[PDB]
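To keep things clear, I will list the structure first and then write my remarks on it.
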Ligand SMILES: C[C@H](NC(=O)[C@H](C)NC(=O)[C@H](Cc1cc(-c2ccccc2)no1)CP(=O)(O)c1ccc(Br)cc1)C(N)=O
Ligand SMILES: [Ca+2]
Ligand SMILES: [Ca+2]
Ligand SMILES: [Ca+2]
Ligand SMILES: [Zn+2]
Ligand SMILES: [Zn+2]
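Written out as structure tokens, the structure is:
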């Protein structure tokens, strides 16, 4: 199906609540812009993709590892934790270059939420390693486009 819902379960205290909403909205928009996917934000109740901030062990057999290392993870589409995107609260989430940029990380993780694996293109958002790029000139690489359009 092309209609997919999300809910921001909780908000990192690192950031303004409004900035988390915006970063997440823009991350979904990135993928919506290159597919027929329609995303809808839910405030309360059942949603396909939950956006969660948590530290250490947090219920899903994939515990986080403290500051650094693994920044976030996400599960491919399914029931329950399927589709959910988890961000390690031990990171320092930001709208800027400092710490770990939430928008960029969210684009990567939503990619996983939708069923993508990793890319071999070093410029792809789905390359395995986080790298800050200038947010205002950010673009999905042609390989990201191939990946997502193959699924939707
Ligand atoms: C501290 C920071 N760490 C990272 O970038 C690390 C390597 N990457 C991760 O934390 C992966 C998550 C990530 C990648 C990106 C990104 C952003 C922009 C461009 C390219 C990539 N954003 O988040 C972890 P994952 O979701 O792939 C994951 C895979 C397997 C398991 Br099991 C669990 C999770 C760094 N190396 O700068
Ligand atoms: Ca889910
Ligand atoms: Ca970590
Ligand atoms: Ca934090
Ligand atoms: Zn998790
Ligand atoms: Zn990844």
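Residue numbers (PDB author numbering): 111 to 262. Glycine residues also receive a C-beta, built at the ideal position from the N, C-alpha and C atoms.
Query                                                                                           : Result
Segments assigned alpha helix (DSSP H), at least 4 residues, entirely inside the region 186-226 : 212-223
Residue 193 versus 223, 155, 227, residue with shortest Cα-Cα distance                          : 223
Any non-hydrogen atom of ligand 2 closer than 8 Å to residue 159 Cβ                             : yes
Residue 113 - partner residues in DSSP beta bridges                                             : 148
The beta strand (DSSP E) enclosing residue 163, as first and last residue numbers               : 159-164
Residue 129 CB to nearest heavy atom of ligand 4 below 8 Å                                      : no
Residue 252 - containing alpha helix (DSSP H), residue span                                     : 252-261
Residue 171 burial status per 10 Å Cβ neighbour count (16 or more: buried)                      : exposed
Residue closest to residue 247, alpha-carbon to alpha-carbon, out of 260, 258, 225, 213         : 213
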